[PDB]
């Protein structure tokens, strides 16, 4: 678990959704960053309250089920199979699935991932996550993430996230990154326009 | 010219590979599971990384390890002799 | 309290300053103007000196007003005073004389394990943030696992009451907790640079005879790595390249520094 | 003889300052049984320090009264600028110590090999 921050960066001007990622990723490459593979984050939804199940590719076997403010269960992939078996019993929702797919760039112990939350078949928006694997402590590693973001992100740099929340010596968790992703996804689904 | 150390290491590595099957770790650490690699089970439950705490999760050969050991021994000997001459 | 003692000592000097400054204003006026080689120069010099003297009286008076807000038997007191005096004098003398030593040569191990255990326990008593776990998996050579907050997990390898090898690891990383993972790497470049700097500190902190102050100073220097990822380069900004703040903390000066910047 | 008495005088003046430093450290560590030990240690240090004064004084008198016949050349006239049986004994001792050092190097090589082998085996046994 390494402190992470995810924010949405608007494409701006008349730059196409893809055109902006191409440019932002080249700007990241212009930090001496080297590509270290590909990352896929695919999330499905249920209208039950509301259930969310998300799975970052960075984690090979885990599937995360988050119940809004309620607890997140980090479970094996067989969890998706249990979900499908229950499916007739379970609620399904209507094409609310949201995915962000983009390149992973490593720059000296910081992994930066810029991706386009493509809703369904049509892209709309952009998610940036900067993670620090060495920084086990969180909520005060904010100075680091902020300085690195001002280096590359510049404008639209986020003024923290609430997943850090109350000041505590509590260690950062894979659950916290998933909660950041869920808030970001709720915003793309509803930003509209 | 026989280096008994490398023979002992070969024997211990083969015995470790043999014990891998009878390994106490891979034997359903919890209860009513699947009996396999409890460390990997805990890593999958605690959401481990792609390569970090996974990648190959022990996938080498006796020859590779033995060659690495021999190379290290030679390097050590070389450095020692060099400093002695110095 | 000590803060009250200092405020009183500062105030005593301020009363002395006010009296001296008032005497100076009148004493200089009595001497009057001096020739100064020029009409403009003489007038300017007298006005400048008088104004400086007048201002000093105002400054000294103001300090006294501000300092108001902040704040068989005699032989015993004599002994107390002589004890304090000898303490200060011998401290200064030992410092000044061991700073410059004229020793040039020596010519003109076995240690109890319980003694090493006692030394390690004494060192663990201080620095409440650090927690040192003693263990002897292989022989009398002790291996110490030192946890520093959620930041560091250092693996010190004692051969005796002597530091031989150190490999720091991350808190989330696994030291394998059992038969101890002496030989491994942290898989993160920052912690590898920290291992290099720890070996450098070991090579630096090397006292010849006494084997305890070396471990004391090593633990004190390690404790400085608790403000890691949170402190500036005192020459560079927070992330000089992308290594964090201070892979380096100066010996004799627990200040953060990037290895690429300097020191 | 005299060239060794001079080295003795050098080591005495190099050690007297260390003795004074140890005395300063002892007076510093004396904060208010153990008091008796500190007192007798300080007294022994003072006695050995006075003995060192006497020794350095006597070696000074010796080197000053010696003044062998071969000293007409003042200093700075001796530095070289650009522009018998004792040697045989030295060579014999050198050959002996060379042989002994070769043997000791062989012994150290064998010991290092033994230690490396034992360490490798006890590491791989796990």
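Protein chains in written order, with full-length UniProt numbering: chain L, 1 to 48, 61 to 205; chain V, 366 to 451; chain R, 7 to 77, 103 to 139, 155 to 225, 228 to 311; chain U, 29 to 60, 69 to 119, 136 to 178. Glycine is no exception: its CB is placed at the ideal position from the N, C-alpha and C atoms.
- Item | Proximal residues to residue 210 of chain R (C-beta, below 6 Å), its chain only, five neighbours per side dropped | 203
Check your understanding: Is DSSP giving residue 168 of chain U helix, strand or coil here?
Key -> helix
Limits of the beta strand (DSSP E) - the one that residue 7 of chain L falls within:
4-8
**Study point:** According to DSSP, residues forming a beta bridge with residue 67 of chain L
**Key:** L:42
For this session: Have a look at residue 408 of chain V and residue 418 of chain V and give me their C-alpha separation to the nearest angstrom.
Result: 7 Å
Beta carbon proximity, residue 157 of chain U to chain V, threshold 8 Å: yes
Runs of beta strand (DSSP E) lying entirely within the region 129-170 of chain L, each at least 3 residues, in chain order: 139-144
Q.
For chain L, check one thing: does any of its Cβ atoms lie closer than 8 Å to the Cβ of residue 414 of chain V?
A. yes
Practice problem: Please decide whether residue 399 of chain V counts as near chain L, where near means a Cβ-Cβ distance under 8 Å. | Solution: no
Cβ neighbours of residue 249 of chain R in the same chain (closer than 7 Å, five flanking residues each side left out)
266, 269 and 299
Check your understanding: What are the residues that DSSP puts in a beta bridge with residue 113 of chain R?
Key -> Answer is none; residue 113 of chain R lacks a bridge partner.
request  = Using 10 angstroms around the beta-carbon of residue 104 of chain U, count the other beta-carbons present and answer buried if the total reaches 16, otherwise exposed.
outcome  = exposed
Since residue 126 of chain L and residue 25 of chain L should fall inside the 8 Å C-beta cutoff, what is the C-beta to C-beta distance between them, to a whole number of angstroms? 6 Å
Coarse secondary structure for residue 111 of chain L, derived from DSSP in three states:
strand
inquiry  = Using 8 Å as the threshold, is the C-beta distance between residue 394 of chain V and residue 406 of chain V below it?
reply    = yes
**Message:** Which residue marks the beginning of the beta strand (DSSP E) containing residue 216 of chain R, and which one marks its end?
**Reply:** 208-216
Continuous alpha helix (DSSP H) stretch holding residue 77 of chain L: start and end:
Per DSSP, residue 77 of chain L belongs to no alpha helix (DSSP H); it is in the beta strand (DSSP E), 75-79.
### Task
Answer yes or no: does any C-beta atom of chain L fall closer than 8 Å to that of residue 411 of chain V?
yes
My understanding is that residue 197 of chain R touches residue 3 of chain L, with C-beta atoms under 8 Å, so please give their C-beta distance in whole angstroms.
-> Going by Cβ atoms, the distance from residue 197 of chain R to residue 3 of chain L rounds to 12 Å, so no, they are not a contact pair.
Using 10 angstroms around the beta-carbon of residue 426 of chain V, count the other beta-carbons present and answer buried if the total reaches 16, otherwise exposed.
exposed
Report task. Apply the 10 Å Cβ neighbour rule to residue 102 of chain U and answer buried if 16 or more other Cβ atoms are within range, or exposed otherwise. Result -> exposed
Please list the partners that residue 139 of chain R has in chain U, where partner means a Cβ-to-Cβ separation under 8 Å. 39 and 43
If we define contact as Cβ-Cβ less than 8 Å, is residue 53 of chain U a contact residue for chain R? yes
Using a threshold of 8 Å, state whether the C-beta atoms of residue 124 of chain L and residue 137 of chain L are closer than that. no
Fill in: Residue nearest to residue 104 of chain L in terms of C-alpha spacing, selected from L:66, L:48 and L:19
L:48
Self-check item: Proximal residues of chain L, C-beta to C-beta of residue 236 of chain R below 7 Å
Solution: 121, 145 and 146
- Go ahead and label residue 33 of chain L buried or exposed: buried means 16 or more other beta carbons lie within 10 angstroms of its beta carbon, across all protein chains shown. buried
Identify the contact partners of residue 181 of chain L in chain R, using a Cβ-Cβ distance below 9 Å as the criterion. 195 and 196
Applying the 10 Å Cβ sphere with the 16-neighbour rule, what's the burial state of residue 234 of chain R? buried
Using the Cα positions of residue 271 of chain R and residue 186 of chain R, report the straight-line distance between them to the nearest angstrom. 26 Å
Cα-Cα, which of R:110, R:106, R:304 and R:263 is closest to residue 278 of chain R? R:304
Original post:
Comparing alpha-carbon positions, which option in R:296, R:276 and R:264 lies nearest residue 156 of chain L?
Top reply: R:276
Within chain U, the residues that residue 285 of chain R reaches when beta carbons sit closer than 9 Å
Under the 9 Å cutoff, chain U gives no residues; its nearest Cβ is about 43 Å from residue 285 of chain R.
Rounded to a whole number of angstroms, what is the C-alpha to C-alpha distance between residue 384 of chain V and residue 67 of chain L? 36 Å
Quiz prompt | Nearest-angstrom beta carbon gap, residue 402 of chain V and residue 392 of chain V [assumed within contact, 8 Å] | solution = So it is not a contact: roughly 10 Å between Cβ atoms.
On a Cα-Cα basis, can you pick out the residue from R:49, R:51, R:34 and R:62 that is closest to residue 22 of chain R? R:62
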